[PDB]
Amino acid sequence: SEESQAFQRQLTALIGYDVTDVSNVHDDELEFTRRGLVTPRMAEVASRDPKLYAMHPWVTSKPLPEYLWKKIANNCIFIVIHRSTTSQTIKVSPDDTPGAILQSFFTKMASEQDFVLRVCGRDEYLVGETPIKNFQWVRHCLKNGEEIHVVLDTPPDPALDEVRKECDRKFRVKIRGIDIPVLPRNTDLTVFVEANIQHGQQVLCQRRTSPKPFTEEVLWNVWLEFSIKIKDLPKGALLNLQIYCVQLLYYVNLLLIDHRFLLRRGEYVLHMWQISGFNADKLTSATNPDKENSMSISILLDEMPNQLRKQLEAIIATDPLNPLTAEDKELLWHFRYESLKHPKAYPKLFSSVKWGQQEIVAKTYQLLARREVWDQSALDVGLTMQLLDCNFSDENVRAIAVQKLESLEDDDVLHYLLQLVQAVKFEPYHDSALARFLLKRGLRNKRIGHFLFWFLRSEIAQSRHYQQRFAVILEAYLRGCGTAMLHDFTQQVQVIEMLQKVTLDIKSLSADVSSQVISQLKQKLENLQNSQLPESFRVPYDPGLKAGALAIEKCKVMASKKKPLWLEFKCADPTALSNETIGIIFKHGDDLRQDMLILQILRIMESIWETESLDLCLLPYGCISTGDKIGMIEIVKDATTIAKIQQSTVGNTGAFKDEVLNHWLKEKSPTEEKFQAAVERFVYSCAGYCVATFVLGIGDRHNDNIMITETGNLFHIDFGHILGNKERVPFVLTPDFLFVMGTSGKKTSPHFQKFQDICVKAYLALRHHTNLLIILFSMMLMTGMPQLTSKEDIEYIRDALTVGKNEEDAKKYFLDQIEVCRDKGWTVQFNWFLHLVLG
Ligand SMILES: CS(=O)(=O)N1CCc2c(-c3cnc(N)nc3)nc(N3CCOCC3)nc21
């Protein structure tokens, strides 16, 4: 209890919010949830193999893609084992288990004490009953032309990551009145309260008060009787209360049915959220914690025709953004049992239920009992994600989604993780199938767990609307990850807290860069190192990598908007095969939550291309948003911007020259072996970024924001606020790019023919998952793009994907998007140089 009192304070500094401070609660839902998450936590902590949890092999069941077999000559792989400068390369079959590889080294090449293969310089192990081809690090080594180096050392002790012991009346609501301490608005106004009964973005019923003058205190004492009956209220229905003046000024919500299935009784004083200027924050059950500046509100509570089948199939086959008319919904419902045979159709089918009708909901639940086909069908994440978005508030409907997620291997959980955590924002209750799912998979696997921690912590630090809910989920996870990880997270938290201070301090001291600031960093960073900064820590975007000491020599305040710090660290693992530093950018000013979502979709796309045996060489570098307009950014080594390569020859301003990029490429490559591979890396990376950026609607960029490695890998950066008559481009395929591919004006070459053909395989590969990208894009805007003015913004994604327009016209459409880039030349790019200078 005295020892347990301190532990909670340790949990609190890890979490970033105190899950016991009950100043901002009007019921016990959070505590009920903190209490409810004890079973699933203990049930997973007790269920996980201690060894395989401790070493956490990162593996996959997916086939080794075509492009990685072609890299394997004569069906063998070259493992380079190490020990104490005793290297020895070994030929190994792709299907060889790691235990059966130590058998080749120890038992052959020259009771027992069992050891394991760790990757040199990394907390990454090659253990467990998996073929060597199926470990991702191995695949990573193949894809980038690297060589698999490993140390033969002892397993980590499973003891280190153990845990501490533990009526038919019409519904009515009385609006007493509203209360703001200071009415800021300049002129006099009038105001009314709007009370909506909502279920999953549908307003079932609506009342309004009479308008009264806008004063610091405004009382009504009016009963608002609704059309809906108490019997007819579905679990997860919200009382959404809103203040208007015609303009929405304030909102707050309250679950009419609580977490014990009780109707909500009694007096409530709800502190409300103010409105800037839809958005996941609109939907929160959380009240505003700021009890001194926030508007308050006070209330009190108490077989068919072919024509129709074809009409049904044409509806089931439409994208998720295609609306349903009244006519469509009545068909889906009337033929619900025929609709139940088509998983593709569940989202539209469940959007056709009248949730405000107790008898229909009953019929919907018996209908959910006969879901044999849904269960057997192969997991579609696109379809699954869709039943977990803002349009579905029924927990049983959502359960089926999370059910299908149970099938995911860790590797895939990692792809969709970021947006699964964000999807918790659409849960009506703090305790849900999804929140528990995230908890289990986090507890089951340290890699999932690592990123769960940071994704949750990301939101806890910058969302008043959802911090509490996520805090309960993070706490739950932290209480089962073990002492070791608690130790890593604490170390990592200390570092980023330590380094955020410097980032903000340095920013204050300069509105170009000064000599006094450059030494200020030198000194301040020289200080932190002395003894306060931990010895080493996990890099939060690459948890297998442990940063050690700072390379103060290499650190500087960057000469760019918002004065980010360019920091570099020596690796803390001596078995690392280099003295090459770990580069991190620390920035305040940009909303790096947006970058996270965008980079994670890029990773999603690379995975969609692996399915169709494509590899478009994206470099979605690490990004972790750690607070409000603040976070870190991985440094991709050996890279420079396209704008600066132009500026290295042409100069600080002028006409951009087409020859420069190809000279820069050739000037860096040492041979006709590398350069011509570098050119092949460019053709591919350029295509990928051209396609990905086009579909995401962020293809029109200043080439100061496009980069290239000294090996041909092209990649974009800085993705915040890019989603906002003037000239436009679909993507950046400028004449300098084409020059590398061997074309000029409206000409053509073999490398450009490969470009054109790569883009088309890419663009059609993404169109194969139209729905998936639509859901992920729609969710991204609601949960992470503030300034989400309209759903119209979402409809960009369907246009770009050319929904309902055959494979072949789609080949054409995208070929002509390229042709617009060839026509526009340097002009749009010339306008950005102007724009980023012509204030
Ligand atoms: C070209 S630079 O002068 O070195 N510079 C200026 C800004 C910047 C960024 C960056 C990334 N994201 C965001 N939001 N802001 C800046 N990111 C990066 N990198 C990120 C990828 O690795 C290469 C370096 N470099 C930046």
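Sequence positions are given from 1 along each chain as written, possibly unlike the numbering in the entry, and residues without coordinates are left off. By convention in this description, side-chain values take in all heavy atoms of the structure and omit both hydrogens and water. Residues with missing side-chain atoms are left out of burial classes, side-chain pairs and their counts.

A.B. asks: For this particular structure, what's the right way to read empty space enclosed by the protein?
C.D. replies: Gaps left between atoms are located by rolling a probe of water-molecule size over the structure's atoms. A cavity here means a set of 1 Å grid points, computed over protein atoms only, where a 1.4 Å probe fits but cannot escape. A pocket is an open set with protein on both sides within 12 Å along at least 5 of 7 lines, and lining residues have an atom within 4 Å of a point. Grid points are joined across faces, edges and corners, and a volume is the space filled by probe spheres set on the points. Taken as a whole, the largest cavity holds about 160 Å³ of empty space. Contributing to the lining of the largest cavity are 16 residues, with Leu238, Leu283, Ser393, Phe426 and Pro428 lying nearest its centre. Residue composition of the lining of the largest cavity, grouped by class: 6 nonpolar, 7 polar and 3 charged. Segmentation into domains, and thus their bounds, comes from an automatic or database assignment. Shared between two domains, the lining of the largest cavity holds at least three residues of each, these being domain 2 (167-303) and domain 3 (304-482). Reported here for the second largest cavity is a volume of approximately 140 Å³. Taken together, 14 residues line the second largest cavity, and the ones lying closest to its centre are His26, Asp27, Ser285, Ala286 and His430. Strands here are runs of E lasting at least two residues and helices are runs of H or I lasting at least four, both read from the DSSP assignment and numbered beginning at the N terminus. Mapped by element, the contributors of at least two residues to the lining of the second largest cavity are α2 (29-36) and β12 (248-255). Residues are grouped as follows: nonpolar covers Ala, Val, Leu, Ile, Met, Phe, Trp, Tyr, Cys and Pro; charged covers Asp, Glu, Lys and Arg; every other residue, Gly included, is treated as polar. Of the residues in the lining of the second largest cavity, the class split is 5 nonpolar, 6 polar and 3 charged. In this structure, the lining of the second largest cavity is formed jointly by two domains, domain 1 (1-166) and domain 2 (167-303), each of which donates at least three residues.

A.B. asks: Can you help me understand the sheet that holds strand β25 (residues 714-716) in this one?
C.D. replies: Strand pairs in the sheet, formed through backbone hydrogen bonds, run parallel or antiparallel to each other. The 3 strands are arranged β23-β24-β25 in an open sheet whose pairing can be described as antiparallel. Across the chains shown, the open sheet's two edge strands, defined by having one partner strand only, are β23 (639-641) and β25. Taking the axes of each pair of neighbouring strands and ignoring which way they run, one obtains an average angle of 30 degrees across the sheet. Where β23 lies against strand β24 (residues 706-709), 3 bridges are found, and the strand directions are antiparallel. Bridge assignment links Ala639 to a residue of β24, and that residue is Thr709. We call two residues contacting when some pair of their heavy atoms lies within 4.5 Å. Where helices are involved, their axes are fitted lines through C-alpha atoms of the stretch in contact, as for all axes, and angles between N-to-C directions lie from 0 to 180°. Its contacts with the sheet put helix α25 (residues 675-696) on β24 and β25, and the angle it makes with β25 is roughly 25 degrees. A pair of strands is treated as paired once DSSP finds two or more bridges between them.

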